[PDB]
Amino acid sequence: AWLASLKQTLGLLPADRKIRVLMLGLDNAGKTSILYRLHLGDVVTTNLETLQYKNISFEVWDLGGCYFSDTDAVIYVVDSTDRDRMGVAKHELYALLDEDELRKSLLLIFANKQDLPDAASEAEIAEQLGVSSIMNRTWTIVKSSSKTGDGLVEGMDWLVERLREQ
């Protein structure tokens, strides 16, 4: 669907200018699946998963079960099906954004698992994550699905063009 592949998209970032992206969310949000769905190389476990591609680093841990310096973006992943864990996803998101080391990070939310029938819309997610009153930072929500692969490149294209803009 999207007009360019992911590698063309990420191709656009200054071929060197190290990019650090934290992709965080509650367990079962679908973060390991997106890492895999990106088809960018393999995931290193260390608990923590990292995917390095050219200049760009992706680091993943689960929330709600220092490290934040020099972060260019936060990808926040939510399971759009999981109604009653979504208030906890909101809390953990708010915990992240009160971090001083993160004050200039872009925020991309993936409203995820949008292939499923129970899947809230972007406005239900923005309302639930109470994003719609975050006005001190550049953010968006994009509907996504690791089972399709849908939303993912759009979301990364968002990040790439916001990163170049600065």
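Don't overthink the numbering: it's just position in the shown sequence, from 1.
Deposited sequence between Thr46 and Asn47: 4 to 9 residues lack coordinates. Per the record, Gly65 and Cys66 are separated by a gap of 4 to 9 residues from the deposited sequence that were not modelled. Taking the mean C-alpha B-factor of each stretch as recorded, 106-114 and 54-62 are not equal, and the higher mean is that of 54-62. Higher mean CA temperature factor, per the PDB entry, when comparing 145-153 with 12-20: 12-20. Within the listed group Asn28, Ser33, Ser132, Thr140, the record reports its top CA B-factor for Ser132.
Among all modelled residues in this chain, the alpha-carbon of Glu92 has a temperature factor (C-alpha) in the lowest third. Annotation for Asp79: CA B-factor lies in the lowest third of the chain's modelled residues.
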